[PDB]
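# Secondary and tertiary structure notes
Residues per chain, in single letters:
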Amino acid sequence: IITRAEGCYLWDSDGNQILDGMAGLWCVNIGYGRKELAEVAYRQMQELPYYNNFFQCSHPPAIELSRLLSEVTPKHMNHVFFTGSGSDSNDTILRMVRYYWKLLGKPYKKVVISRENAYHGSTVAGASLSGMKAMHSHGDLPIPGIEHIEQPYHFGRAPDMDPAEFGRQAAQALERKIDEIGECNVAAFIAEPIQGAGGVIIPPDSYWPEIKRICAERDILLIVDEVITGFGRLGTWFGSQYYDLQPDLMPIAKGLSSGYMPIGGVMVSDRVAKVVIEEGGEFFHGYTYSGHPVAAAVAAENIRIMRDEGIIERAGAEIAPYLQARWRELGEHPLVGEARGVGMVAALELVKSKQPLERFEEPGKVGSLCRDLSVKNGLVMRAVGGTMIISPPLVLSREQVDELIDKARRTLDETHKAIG
Amino acid sequence: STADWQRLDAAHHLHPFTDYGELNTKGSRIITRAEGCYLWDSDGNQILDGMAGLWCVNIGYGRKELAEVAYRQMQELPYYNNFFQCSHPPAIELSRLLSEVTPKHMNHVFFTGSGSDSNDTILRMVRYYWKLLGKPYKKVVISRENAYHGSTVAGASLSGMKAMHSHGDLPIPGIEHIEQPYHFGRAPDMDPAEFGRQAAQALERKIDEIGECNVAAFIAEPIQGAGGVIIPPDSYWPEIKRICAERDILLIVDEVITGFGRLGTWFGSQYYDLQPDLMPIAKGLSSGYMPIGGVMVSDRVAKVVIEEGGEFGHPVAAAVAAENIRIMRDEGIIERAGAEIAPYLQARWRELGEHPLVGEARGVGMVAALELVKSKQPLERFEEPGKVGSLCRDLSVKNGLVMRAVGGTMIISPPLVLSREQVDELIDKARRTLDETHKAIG
Ligand SMILES: Cc1ncc(COP(=O)(O)O)c(C=O)c1O
Ligand SMILES: Cc1ncc(COP(=O)(O)O)c(C=O)c1O
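Residues numbered from 1 in each chain as written, not as in the entry; some residues may be left out. Chains lettered and ligands numbered in written order. Heavy atoms only, no water. Residues with missing side-chain atoms left out of burial classes, pairs and counts.

You'll find chain B entered in the PDB entry as Aminotransferase TR2, with Acidihalobacter given as the organism. The title given to this entry in the Protein Data Bank is "Transaminase Structure of Plurienzyme (Tr2E2) in complex with PLP". UniProt's Sequence similarities (unreviewed entry) comment on chain B is quoted here verbatim: "Belongs to the class-III pyridoxal-phosphate-dependent aminotransferase family." (UniProt positions renumbered as here; feature names shortened; annotations may be inferred.)

Taking the PDB entry as the reference, chain A is identified by name as Aminotransferase TR2 belonging to Acidihalobacter. What UniProt states about chain A under its Cofactor (unreviewed entry) heading is, verbatim, "pyridoxal 5'-phosphate". We quote the UniProt Sequence similarities (unreviewed entry) comment for chain A here in full: "Belongs to the class-III pyridoxal-phosphate-dependent aminotransferase family."

### Focus on the interface of chain A and chain B
On the chain B side, the residues contacting the 81 residues of chain A number 83 residues. At the level of elements, β1 (2–6), α2 (36–47), β4 (57–58), α3 (60–72), β5 (77–83), α4 (87–103), α5 (124–129) and α10 (270–277) of chain A are the ones that each hand at least two residues to the side of chain A that touches chain B. Tallied by class, residues from the side of chain A that touches chain B come to 43 nonpolar, 26 polar and twelve charged. Across two bridges, the pairing between β4(A) and strand β1 (residues 29–35) of chain B is parallel. Across the sheet, the residue bridging to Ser58(A) is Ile30(B), located in β1(B). (Contact = heavy atoms within 4.5 Å. Helix = DSSP H or I, 4+ residues; strand = E, 2+ residues; numbered from the N terminus. Nonpolar A, V, L, I, M, F, W, Y, C, P; charged D, E, K, R; others polar. Pairing = 2+ DSSP bridges.)

### Considering the packing of aromatic side chains
One pass over the full model with this rule turns up 23 aromatic pairs over all chains. Taken together, a centroid distance of 6.0 Å and an interplanar angle of 85° make the contact between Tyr236(B) and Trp237(B) edge-to-face. Of the two residues, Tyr236(B) and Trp237(B), neither departs from the other in class, the shared state being buried. In textbook terms, an aromatic cluster arises when at least three aromatic residues are bridged by ring pairs, as seen for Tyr207(A), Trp208(A), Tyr242(A) and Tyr243(A). (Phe/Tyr/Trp six-rings, centres within 6.5 Å; stacked < 30°, edge-to-face > 60°. Buried < 20%, exposed > 50% of the residue type's maximum accessible area, 1.4 Å probe, protein only.)

### Some thoughts on the environment of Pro363(A)
All names here are of chain A. Inspection of the secondary structure puts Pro363 in the loop between β13 (345–350) and α13 (364–376). When the C-alpha atoms of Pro363 and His154 are compared, they prove to be 17 Å apart, with 209 residues separating the residues in sequence. In this structure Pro363 touches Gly385 and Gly386, once residues within four positions along its chain are discounted.

### A word on the pairing of strand β2 (residues 38–41) of chain B
Along a regular strand, successive side chains alternate from one face of the sheet to the other. Residues and elements named next belong to chain B. Of the pairings in the sheet, the one linking β1 to β2 comprises four bridges and is antiparallel in character. Paired with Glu35 across the bridge in β2 is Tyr38. Here β1 folds back onto β2, and the loop between the two strands holds two residues, one of which, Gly36, carries a positive phi near 65°. Inspection of the sheet shows β2 paired to strand β3 (residues 46–49) by three bridges, in the antiparallel sense. Within β3, the residue paired with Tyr38 across the bridge is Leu48. In this antiparallel pair of consecutive strands, β2 and β3, the connection spans four residues, and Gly44 shows a positive phi of 75°.

Below you can see the structure in the form of structure tokens.
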């Protein structure tokens, strides 16, 4: 039970100072308690609390956010459909990516390819593209049109294979799954730049360079899911430019408003923009609260804060290096096999031994603990099975990292004992 | 800046439910402000909105209490998970309140980010309640043609807008659709009651083809908002309750539009003595002040899905929505709307019923529609009636009224706060708008 929260810190009812290294839920990228946000939300609910997002008319809070996103991501992205959540964004992407192919006269290109252990929402669509299997479990989920493939989890799958060749491989597991559905039946492949909720699953640097080749030889679209990775998480404003990707569609959410408002949307490449506006008809997809003005206001201010105050540029050039390098330092711990991270996200692997390397029978019970001990030691840290992870706000300081490591290293040293 | 705002809107901003292209030339209507039942666009024109914007602004605009609680809840923590939370979190209230104003048997509620998201969950858990009752073959949900139940890939499969399916093979497994009770557009002569029984017994018709063992549930909006204001012969709903019993299936009444006073009563279920098993609500749950929706869960299905099956809501939006319901009950907004102004508006809408171009004038509560027709007593429909309403809208907006065209059906759903003097404005504004459209053809 928390009373207050400011910057990167939380305080519970007993005074308990807690460093939220989890940005709450991957989103609070400015940190808690930048009142600049509640003022503009208070003040925009005044003029217009709500008006329709385009059915007849538009409204300014949304046009402004639209420019800003056209601006942090101008490149080939200069258009944004809005929506009420990040899962609701992927529903949009799935339907319009099928509309794109329809208008080019290929209604058979309607299969989108995801990956096992991807997360792409909670809706019926979004849970079907995601490969958690715990959201598929209700019977019929992978709705027709969805196929899934290999995740590039170098550590949990093939800990020995040359990381470079393991990347190159598991990238061709896409070129595999194409010649057996049929290129002409595939509309697109969809990935998170870095799988977040599935573990901080970082591809070998070989993976993405491959997957781009594969969407060239073949006539299919790329859908990079920047919902967690977006707005500084990878040091860069978006993962697509850490991984030199030129997506066709991007769902975004969460850090769009640093979690302070229900809001998401899909950016649209100038490629798939062209086909939808011209040579196109009515787009009967749409959604009340799409560019809801209050959230658009809050989100506009949120991005406005981030570039004006230079929050992400510091995070990526000043602090991301420091965090990643200190994280690897826990790599030399008896309980830690691999230490991963790009930018402002990272993960530790909980393992029984290092030199002969044996998993736990049920690694979840260990990680499920080790987090509950980080909180009890003043640090929030998600557990995915036996993987521990952090996704801090981008306003962390070079001192708040020394805090986070030293608190993590205590939490690890403590976890070892209760087993031994 | 208009000239400039409109530039940017086409330049990058995208635009739910719109050609994208036939409106980048013509420019967008940019609305800056709003208070009461009025909006103001960039040219400062006052517009009377009898559409609650999009059926939601049941409070009427510019209600200060809502921004004050939103400013205040942003001060506490966003999200409310299990390990830590905001003391006295808004989500807890709202479920107590939402339980109080809901046909009794609904005493559990699950929150979600929209009304479409809500209908997905309901699709998920309706099959999940049958699984746990050992009938996993019970998976078919049944909507009606021209119904609207959301815009997620689930919602668009569930809604009988045939314009969203044909673009591909979208209506996903497990979804069938049936006749709508549009007495005017299907059987304008048939006895209004007989059509209701016939379009309702068309449900016992489908199940006799599919197999009772396949249908999981039935779903309708008490009245279909969108597709028109397609109000059922008073015979209809008493049938569907019968058909839904002897057949062992769940009822999903969709109260997103029809919910929170829109039909004079708090909900449509109330007005039609329906006892939904699942209720998606999300338009006027916060009177549009903030994105949020959810599902009510009848005590029946709530015991199977919550209990020995313990598996499977933004806090700031929960607060706003909680206070919106508060205001509406304390200040009797919905009680008056249904007893003072609803009978009143329901009379004078029927007046426009006999302008030279009106065949039917339909209405319940603070919702209602009329039908646009070529000749009245000779009875004729328009060739491409959509082109017609397209005009009557632009003339209603320029005559200062937001009045909505679904094909050839003109609709209004003003805030519940409309005053008896404000209907005269809306009636006269519409009446002028009507004689304006009559000339542009005749
Ligand atoms: C990759 C990805 N896509 C979509 C989502 C949708 O989540 P939500 O519905 O909370 O916006 C998530 C959120 O992290 C995600 O990680
Ligand atoms: C019955 C019903 N469900 C859902 C919706 C809309 O869903 P959402 O609020 O998520 O856009 C509407 C109208 O748009 C509706 O009338």
